[PDB]
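Sharing an experimental structure here, sequence included.
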Amino acid sequence: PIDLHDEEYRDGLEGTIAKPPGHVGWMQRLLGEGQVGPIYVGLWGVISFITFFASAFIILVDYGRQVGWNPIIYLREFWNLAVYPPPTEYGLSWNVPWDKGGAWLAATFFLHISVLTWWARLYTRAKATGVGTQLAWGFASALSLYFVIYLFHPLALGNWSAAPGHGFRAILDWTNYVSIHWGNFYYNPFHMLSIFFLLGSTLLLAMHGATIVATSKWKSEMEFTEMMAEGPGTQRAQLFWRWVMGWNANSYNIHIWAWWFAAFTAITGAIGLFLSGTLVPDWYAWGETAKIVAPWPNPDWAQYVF
Amino acid sequence: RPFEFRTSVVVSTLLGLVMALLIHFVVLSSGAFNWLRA
Amino acid sequence: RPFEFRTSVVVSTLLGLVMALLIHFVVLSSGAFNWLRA
Amino acid sequence: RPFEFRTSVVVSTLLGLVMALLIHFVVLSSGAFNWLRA
Amino acid sequence: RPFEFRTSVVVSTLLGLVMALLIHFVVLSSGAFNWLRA
Amino acid sequence: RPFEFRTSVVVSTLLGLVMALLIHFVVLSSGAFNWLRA
Amino acid sequence: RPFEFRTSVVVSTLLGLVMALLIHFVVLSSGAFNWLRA
Amino acid sequence: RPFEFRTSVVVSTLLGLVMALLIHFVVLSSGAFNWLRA
Amino acid sequence: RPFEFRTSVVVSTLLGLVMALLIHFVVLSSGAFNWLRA
Amino acid sequence: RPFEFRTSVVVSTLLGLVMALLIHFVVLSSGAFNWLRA
Amino acid sequence: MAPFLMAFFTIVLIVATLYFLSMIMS
Amino acid sequence: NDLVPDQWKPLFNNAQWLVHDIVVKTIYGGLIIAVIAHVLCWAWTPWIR
Amino acid sequence: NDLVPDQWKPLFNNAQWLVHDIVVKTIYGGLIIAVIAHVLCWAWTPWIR
Amino acid sequence: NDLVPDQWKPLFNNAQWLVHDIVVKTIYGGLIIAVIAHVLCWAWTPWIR
Amino acid sequence: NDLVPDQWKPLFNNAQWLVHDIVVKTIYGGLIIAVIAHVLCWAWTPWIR
Amino acid sequence: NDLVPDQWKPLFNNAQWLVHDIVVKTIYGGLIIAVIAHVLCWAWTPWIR
Amino acid sequence: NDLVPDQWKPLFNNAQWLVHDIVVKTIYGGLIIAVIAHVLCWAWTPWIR
Amino acid sequence: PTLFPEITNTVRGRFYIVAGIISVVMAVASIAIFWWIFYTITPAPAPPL
Amino acid sequence: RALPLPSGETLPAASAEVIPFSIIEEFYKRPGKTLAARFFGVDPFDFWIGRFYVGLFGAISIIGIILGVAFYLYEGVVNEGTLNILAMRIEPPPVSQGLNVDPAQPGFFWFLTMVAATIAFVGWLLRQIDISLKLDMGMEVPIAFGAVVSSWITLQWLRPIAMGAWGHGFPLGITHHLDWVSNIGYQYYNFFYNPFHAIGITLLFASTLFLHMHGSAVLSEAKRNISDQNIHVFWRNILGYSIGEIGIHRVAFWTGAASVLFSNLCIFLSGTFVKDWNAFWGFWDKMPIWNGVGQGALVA
Amino acid sequence: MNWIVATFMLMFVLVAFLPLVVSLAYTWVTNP
Amino acid sequence: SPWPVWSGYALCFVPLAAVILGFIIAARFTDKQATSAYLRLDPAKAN
Ligand code: BCL
Ligand code: BCL
Ligand code: BCL
Ligand code: BCL
Ligand code: BCL
Ligand code: BCL
Ligand code: BCL
Ligand code: BCL
Ligand code: BCL
Ligand SMILES: CC(C)=CCC/C(C)=C/C=C/C(C)=C/C=C/C(C)=C/C=C/C=C(C)/C=C/C=C(C)/C=C/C1=C(C)C(=O)CCC1(C)C
Ligand SMILES: [Fe+3]
């Protein structure tokens, strides 16, 4: 009841554009596929595109205003310009001048709308083809972390100044300032949990890629066919991981592991960041009372001085 | 039927347990009752 | 049958053990009873 | 049969060993008995 | 048979060796016996 | 037969060598015998 | 025959070379013989 | 015959080369000869 | 043929352009010729 | 196709170019020849 | 005697490598 | 499942009835012990005040 | 499973009954020793006070 | 498994009985040595006090 | 396996008995050497005090 | 394997006996040299004191 | 393999005997050169003292 | 008299050894010459007042 | 008849023999193709202990693990009296000591623990190479593990020797190597501004995103009637490009290696050549394209 | 010396980079 | 005095033990499923 040909070559809204596919050439030789193909545009993806364009236009024009409209200073200082949120005075209020955080709020709102509509587009397109909707829920977890960073942490703290500043250099500064302002961010347990899950995700990705490429002579990369009858490549991979560490998985469970590692990373990061400001004002001072900080009576300080 | 009995039972029990923990924690952290050393 | 017997036993036993350990530790760290050197 | 005998044996043995180690460590670290140099 | 003999022997020997090492280290680090330069 | 002769020999030799090395290093670093410059 | 002659020769030679190296480095790093500039 | 002549020759040559390089590096790094600018 | 003509042409042209730009910039930044306002 | 002639031309040319550039930069930054404004 | 010993060792190395290379490639 | 009473035949197997019985007795004993312990703890040091 | 009693036949094999019996005796001995140790420790130094 | 007694036939093989006997003797000797060592250590320096 | 005694035939091959004998003699020699070394070390410097 | 003794026939081939003899002689020579070197080192500087 | 002596016939082929002779001669020459080098090095700067 | 006829008799294999020797020599010479030039033309340390 | 599929599903009603796992293991288990079998002519340990393969590099690795664990627990229980793993403090020797070690002085057991850990890691890598050779596979897993092992080697061997004090090594303590990381990151202020650290962070984030997307893609087509082209049509409607079955695994492998490689390069460069990453970017505003184009607070 | 050893460690650090370039080259070349 | 506060107990150790036990259970169940018998291509003739 689902035709794959009409899903790729319809016209107009609820259809595709760039319909005659292009070929890149070098991507075929290195990755195995080089067709760019048509792209879907119907309903969802129009609202998101328009809103993201509006937000980017606002940010770029406010960048232009900060240098006197000089295009050479623009190129010189493009990587360190930023539109900052309103200062700590009357922080949550929207009655701020356009150059003191007025341009930040509108761009943030449009970005919010863009990301929500993109999630909707993902959900509908996943449903329209017959595949499952796992990607939508993964993006939901990522959006949970994003919305904790941009909406729910500033609120419940009382000021918009707790959010990042819309710039290439302004996010690193935000991370450093947030780490400094709440004691020591290393001693936040949910930060440790998120680091655990992130490193596990990278390790699992590397292992899975290496294994599937090593056993690629017997066509182990066709995961959909391996989930019905297991050929020699999957058996060799299973035996390899059985003889090395004493236990192994199959061609189905490892993807569950990867999915849940990523989801746990996002969720624990969001929870830790939310608790950082509202419940525990000082993470080092809490770790000293929780007996997780090691005593350091007489440090050898000649290592840290030039 | 719109909803299975098992799903309703699971959702209700999880919501109840989460709420019980949340209100005990919130009542404890307020320090307005003098329970467990004030 | 909405729920297996085994799953009920497992969930209940795990919840009880965790709650017992948590309550014992929370009472011990309060210093409100004079148990184990005050 | 809801549960294997071996599963029950393994779970009970591991829980008992862990609890014994934990209780010995907690009693030692409290400094309330004068055991192993006070 | 619920438990093979080999696993029983292996687990018992490993636990015994681990406990012996841990007990010797804990007693040596207590400094309550005057052993190996007090 | 539960255990091969070769496995027993290998495990015993490895354990003995590890214990000998550990004991020599621990006695050397304690500074309680005056051996190899005190 | 439980063990090949080649395996025994290889294991013995490797162990001997490794231990001779270890003893030489440990004696050199102890600084108790006045060898190679004290 | 237990050992091929080729294997013995290759192993002995590689061991000799590695040992010569290691001995040269260790004698240089000791700073006790005043060779190659002290 | 060990090397294509196209590769030789591309490599030579790229190296020449890069070297010309580098030499002009190094001579300009040295301040030794009084060119473009000293 | 044989790789020895080709892999050699590329490596030799790259080494020569890199060493020449590095050596001119080292001599220029030393300031011991009075070249390009002292 | 730093230069003299280096010269002696280098000469020994060169003569030995010449001898062995002549033995192999003949 | 001939040992299971008439009411609980659709839910219980013959072997699970005995394990359920053991669990019920264990829970009742634990409840009695907990009540006694709570009474002694309150008599020793009230926690509400 | 002929050595298993009539009641516990649906749950126990013939080789698991002996292991269960061994475990039961071990647990009973451990409980006796633990009671003795607790009484000795209390007589030495009360921990509640 | 003809050397195994009638009671433990469903649990033990014939070649495992000897290893079990050796393990039992080793455990008993280790317990005796440990008891002697503990008595000597107590006679040297009591650890409870 | 005609050299293995009657008791240990189900456990030992004929070629492993000799290696086992060699290991046993080596262990006993090592034990006597260890006893002598410990006696000499104690006579030099007691470690318990 | 006719040159191997009667006792060690099941363990040794005819070509490994000679290599074993060579290894034994090398080990004995190394032991003698090690004893001489240890005596000289002790005469130079005692390491126990 | 008729050039090989009677004693070492089971171990050596005809073509490996010559290479073994070459290796032995090279080892002896290397030993002589190493001895002279060590003597000269000690004559320059003693490393024991 | 060789054990590597495929490396010591073939023209292609015979050029492996010489190529490797020349490559190692040239690498060592390059490193030595560059660092000698750097350490010979570099200025003296900037002293204090 | 019901055939249990590998995914765990059972379907009513090809070489689909429902066979146990023992036969697969017995067919592929053959001896004599490891690395040491080529060098010495025989692998001294060519047997299986349970499920694990014990080669010539398994014994060295196990010795290293045992010695490392013993030396770690000795320093932290003894010589520190902590008795808890979260507050012990296993430090190297002081910077004043130099590159030489001394059993009498403190910091000796840190040296032994580090050496044993290095030996164990190298043995693990070689044993993986052996097992990969026994199965007629590629060498990609050893490449990735070698990348991470080189990351380990850079921090504890190369950097301390380049600096020349041997006290430039992070302590082996839980919640205390974080202390070393925090103090090193702030000594060379704005470790964010290190160009190679940013590349490592970018590749880490890309690795997590790629892994989660691949998991979602595979799990979404698990147990449905699909023509094997539905996932490509989904990935072409969204994002306007599909990479293929073999392309994704290569990307994952390459990115996972590259992130750690760039991170090790950044840490080494921060150690020796640069002292302040803020002064590194002082050349940007001075290139001869923007020098005289501004006025007031806007000129640099 | 101060600089020679540092350059040698830099060489060692880049030798780590090399193996993955080898895999990239193999993947590029072996396709045709 | 020597005891950690209740926050230190729960927020730090409940998640820790949960992670360890969940990992050890997930590994057991995944190994069980991977070692179970199901449709495989015959290794004697497939390769
Ligand atoms: C946790 C939720 C539980 C659940 C808990 C209950 C409870 C509890 C009851 C029922 C009852 C019913 N449930 Mg049920 N039930 C669940 C799952 C299900 C499912 C399913 C999963 O498919 C179904 C089909 C049903 C169906 C039904 C009906 C058969 C039955 C009568 C409903 C009725 O007439 O409501 C029509 C009536 C109403 C909607 C009344 C609403 C009143 C509102 C909420 C105002 C209340 C005021 C308050 C009491 C006053 C407060 C004073 C304070 C002091 C301030 N339940 C889940 C598992 N169900 C009832 C029953 O059996 O009664 C005999 C009943 O009491
Ligand atoms: C702040 C002042 C008071 C206080 C004020 C109150 C008040 C007021 C109330 C409580 C309530 C309760 N408090 Mg309180 N509380 C205090 C101190 C304590 C202390 C303590 C350590 O001192 C403890 C242990 C408790 C504990 C309790 C519970 C007995 C009870 C909440 C139960 C619950 O979780 O419901 C939520 C639980 C669930 C939703 C599920 C529970 C488990 C179920 C029954 C098991 C089913 C198992 C089966 C297998 C599941 C099948 C489905 C599965 C999905 C497979 N309180 C102090 C002294 N407390 C409440 C109460 O009385 O409730 C009756 C209440 O209203
Ligand atoms: C603090 C004041 C006292 C003190 C007070 C007490 C009190 C009070 C008690 C103890 C108890 C014990 N103490 Mg204490 N104890 C003190 C100091 C010590 C010191 C020491 C170094 O100073 C030591 C070593 C011990 C040692 C011990 C044990 C003998 C015993 C706990 C056993 C156990 O682990 O049970 C837990 C172990 C298990 C559940 C499993 C054990 C292993 C099984 C038997 C092995 C089977 C192997 C087979 C292969 C398994 C099959 C299944 C497998 C999964 C395959 N005590 C001080 C002096 N001690 C307890 C006791 O007497 O127990 C009887 C007790 O109640
Ligand atoms: C100096 C006094 C020190 C001390 C220093 C040491 C040192 C140092 C060592 C021991 C070792 C041991 N110590 Mg002590 N020990 C002390 C106090 C004690 C106390 C005590 C309660 O006071 C006890 C119970 C022990 C008990 C023990 C044993 C566990 C062990 C010796 C017996 C053994 O296993 O022999 C069985 C041993 C063997 C059978 C080995 C046989 C080896 C054969 C002879 C070959 C040797 C190698 C050979 C020369 C190599 C070259 C030839 C080629 C192989 C061909 N020690 C004090 C604190 N102890 C030794 C040990 O073995 O630890 C594992 C050891 O290394
Ligand atoms: C980027 C460089 C260009 C290129 C640039 C040139 C130039 C320029 C010349 C040639 C010439 C030749 N090139 Mg062409 N050539 C290219 C690519 C190729 C390719 C190919 C890709 O397949 C091939 C096969 C060739 C092959 C050839 C020959 C057909 C021809 C004569 C060579 C000869 O006899 O040299 C033998 C002679 C030499 C090698 C001379 C070496 C001289 C050395 C370097 C000393 C120079 C002294 C210096 C000038 C003195 C300076 C005084 C100052 C005051 C200090 N070229 C590349 C792409 N080629 C020559 C030609 O056709 O002449 C009619 C010629 O002039
Ligand atoms: C002013 C004195 C300065 C100095 C300033 C410069 C500058 C500035 C440059 C050089 C360049 C060079 N210098 Mg000088 N140089 C100095 C001292 C030296 C010394 C010395 C030991 O003293 C040496 C050995 C050199 C040597 C060299 C050569 C490497 C090179 C010139 C030859 C060449 O390759 O031509 C081969 C070059 C060509 C064949 C180029 C041909 C280009 C054609 C004509 C097209 C040009 C572009 C075209 C106009 C674009 C528009 C049209 C469209 C194409 C349609 N210089 C001093 C310090 N030198 C030049 C160079 O080429 O660097 C890479 C350069 O740019
Ligand atoms: C100023 C005095 C300085 C010094 C400064 C330099 C500088 C500067 C350089 C050298 C270089 C070298 N030095 Mg010097 N050098 C010094 C002292 C020494 C001493 C010593 C013991 O005193 C020694 C042994 C050396 C040895 C060496 C050699 C390794 C090398 C030159 C030979 C060579 O390889 O030519 C082989 C070289 C070639 C075959 C190149 C041929 C190139 C052809 C002709 C093309 C050139 C480019 C061309 C013009 C481009 C334009 C045209 C297009 C191609 C079409 N130097 C002192 C300290 N030395 C030079 C070198 O080659 O570095 C790599 C170099 O650049
Ligand atoms: C690395 C070790 C070498 C090796 C080295 C030796 C050496 C060395 C000897 C033998 C000897 C024997 N070896 Mg062999 N042998 C090896 C491999 C093998 C293999 C095999 C791999 O299959 C086999 C089957 C054998 C078998 C045998 C027998 C044929 C033979 C006599 C054993 C005996 O009676 O012991 C029974 C005797 C004992 C167990 C003696 C135990 C002594 C204990 C350890 C005490 C020693 C104290 C010490 C000497 C003095 C201390 C003095 C200090 C100054 C304080 N070897 C490996 C490759 N073998 C012996 C032989 O041929 O003699 C003629 C012999 O001397
Ligand atoms: C300087 C005084 C130092 C000291 C420094 C050293 C050093 C340094 C070493 C030893 C070694 C050993 N020490 Mg000591 N040792 C000291 C005190 C002791 C004490 C003690 C309680 O006081 C004891 C028990 C020991 C015991 C031992 C033995 C384990 C061993 C020597 C015997 C052996 O097995 O030879 C068996 C060895 C052989 C049979 C080797 C035979 C080698 C043949 C001859 C070939 C050699 C290489 C050859 C020249 C290469 C070139 C030619 C080509 C092959 C063709 N030492 C003091 C503290 N000792 C040595 C050893 O071998 O350790 C493993 C060693 O390297
Ligand atoms: C300030 C704070 C912290 C406030 C917190 C407020 C809250 C929310 C409190 C929450 C309280 C709760 C939720 C308590 C939970 C109590 C429970 C669930 C106990 C379970 C007992 C389970 C029991 C007894 C199970 C026993 C199992 C048994 C006997 C097993 C039996 C057996 C089985 C089943 C077998 O096959 C074979 C083995 C065997 C025969 C022994
Ligand atoms: Fe996959």
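Looks like it came in fine. Numbers count the residues shown, from 1 in each chain, chains lettered A, B, ... in the order given. Ligands and ions are numbered 1, 2, ... in the order given.

When you work out contacts or count neighbours from here on, use the C-alpha atoms and nothing else.
Noted.

residue contacts, residue A:27?
By CA atoms under 8 Å, 6 or more residues apart in numbering or on different chains, the contact list for residue A:27 reads A:33, A:34.

Looking at the stretch 151-300 of chain A, what residue ends up closest to ligand 6?
residue A:168 (36.1 Å; CA to the nearest ligand atom).

and that residue, how many neighbours does it have?
Using other CA atoms under 10 Å in any protein chain shown, residue A:168 has 13 neighbouring residues.

now the helices for the chain?
Unless you meant another one, I'm taking chain A. Remark: helices assigned in chain A by DSSP state H are A:4-9, A:26-31, A:47-65, A:71-76, A:103-129, A:134-147, A:170-181, A:189-214, A:223-226, A:232-245, A:253-278, A:283-289.

wrong chain, I was asking about chain R
Using DSSP H, helices in chain R cover R:5-8, R:11-41.

what about the first one and chain H, any contact?
No: using CA under 8 Å from any CA of the partner chain as the criterion, no contacts between helix R:5-8 and chain H are found, and the smallest distance is 12.1 Å.

List the buried residues of that helix.
For helix R:5-8, the neighbour count (16 or more other CA atoms under 10 Å in any protein chain shown) marks R:7, R:8 as buried.

and if you look at the last one?
Within helix R:11-41, the residues that qualify as buried are R:14, R:17, R:34, counting by 16+ other CA under 10 Å.

Can you tell me which of those residues are also in contact with chain Q?
Of the buried residues of helix R:11-41, not one also sits near chain Q (CA under 8 Å from any CA).

wait, which of those residues is closest to residue U:4?
residue R:34 (61.3 Å; CA to CA).

Run a quick neighbour tally on the residue of chain K found nearest ligand 10.
Taking CA to the nearest ligand atom as the measure, the point where chain K comes nearest ligand 10 is residue K:24, at 78.2 Å. Using other CA under 10 Å, residue K:24 has 15 neighbouring residues.

wait, it sits on residue R:8?
Yes: checked against CA atoms under 8 Å, the pair residue K:24 and residue R:8 is within contact range at 6.5 Å.

what residues does chain S put near chain B?
Checking chain S against chain B by CA under 8 Å from any CA, there are no hits.

which residues in chain S form strands?
Here chain S has its strands, by DSSP state E, at S:2-4, S:10-12, S:18-19, S:47-49, S:52-54.

just checking, which of the ones you listed sits deepest inside the structure?
Of those, the one with the most neighbours on average (mean count of other CA atoms under 10 Å in any protein chain shown) is strand S:52-54, at a mean of 20.

tell me which element the one residue in chain K that gets nearest to ligand 7 falls in.
Distance from ligand 7 to each residue of chain K (CA to the nearest ligand atom) is smallest for residue K:3, at 15.8 Å. Residue K:3 is part of helix K:2-24, with elements assigned from DSSP states H and E.

Could you do residue U:39 as well?
Residue U:39 belongs to strand U:38-39, assigned by DSSP H and E.

What is that strand packed up against?
Counting by 3 or more CA pairs under 8 Å, 6 or more residues apart in numbering or on different chains; DSSP states H and E, the packing neighbours recorded for strand U:38-39 are strand S:2-4, strand S:18-19.

ok, the helix or strand just after it near chain S or not?
As assigned by DSSP H and E, the chain's next helix or strand after strand U:38-39 is helix U:43-46. Yes: judged by CA under 8 Å from any CA, helix U:43-46 and chain S are in contact via U:43, U:44.

hey, C-alpha coordinates of helix U:43-46 in PDB?
Provided in PDB are the C-alpha atoms of helix U:43-46 (Å, rounded to 0.1, in the frame of the first residue of the first chain):
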ATOM      1  CA  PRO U  43      29.000 -22.600   7.900                       C
ATOM      2  CA  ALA U  44      30.000 -25.900   6.200                       C
ATOM      3  CA  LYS U  45      28.700 -24.800   2.800                       C
ATOM      4  CA  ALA U  46      28.000 -21.000   3.000                       C
END
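
what packs against that helix?
helix S:21-28.

which parts of the helix it packs on are buried?
S:24, S:25.

Compute the distance between residue A:199 and residue A:215, please.
Residue A:199 sits 24 Å away from residue A:215, going by CA to CA, to the nearest Å.

nope, residue S:171 is what I was after
Distance, residue S:171 to residue A:215, using CA to CA: 39 Å.

What of residue R:3?
Residue R:3 sits 37 Å away from residue A:215, taking CA to CA as the criterion.

Counting neighbours, go ahead and name the busier of those two.
Higher neighbour count among residue R:3 and residue A:215: residue A:215, with 23 against 13, using other CA under 10 Å.

shouldn't that one be in contact with residue S:139?
No: in this structure residue A:215 lies outside contact range of residue S:139 using CA under 8 Å: 9.9 Å.

so the most centrally placed residue in chain T is in which element?
Centroid-nearest residue in chain T: residue T:18, 2.4 Å away (criterion: CA atoms, centre = their mean). Here residue T:18 sits within helix T:2-30, counting by DSSP H and E.

Save the helices of chain R as JSON lines, and put in distance to residue J:22 too.
Output for the helices of chain R, formatted as JSON lines (distance: least, CA to CA, whole Å):
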{"stretch": "helix R:5-8", "distance to residue J:22": "39"}
{"stretch": "helix R:11-41", "distance to residue J:22": "9"}
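
and of the ones you listed, who's closest to chain G?
Between chain G and the helices of chain R, the tightest spacing by CA to the nearest CA is seen for helix R:5-8, at 26.3 Å.

helices or strands next to the closest one in the packing?
Against helix R:5-8 (3+ CA pairs under 8 Å, 6+ apart) you get helix R:11-41.

Count the neighbours of the residue in chain L positioned nearest to ligand 4 for me.
Using CA to the nearest ligand atom, residue L:37 is the residue of chain L that sits closest to ligand 4, at 45.1 Å. Number of residues near residue L:37 (other CA under 10 Å) recorded here: 12.

Find the helix or strand that it is a member of.
Counting by DSSP H and E, residue L:37 is found in helix L:14-44.

In chain U, which helix is the longest?
helix U:6-35.

hmm, that helix touching chain S?
Yes: using CA under 8 Å from any CA, helix U:6-35 comes into contact with chain S via U:33, U:35.
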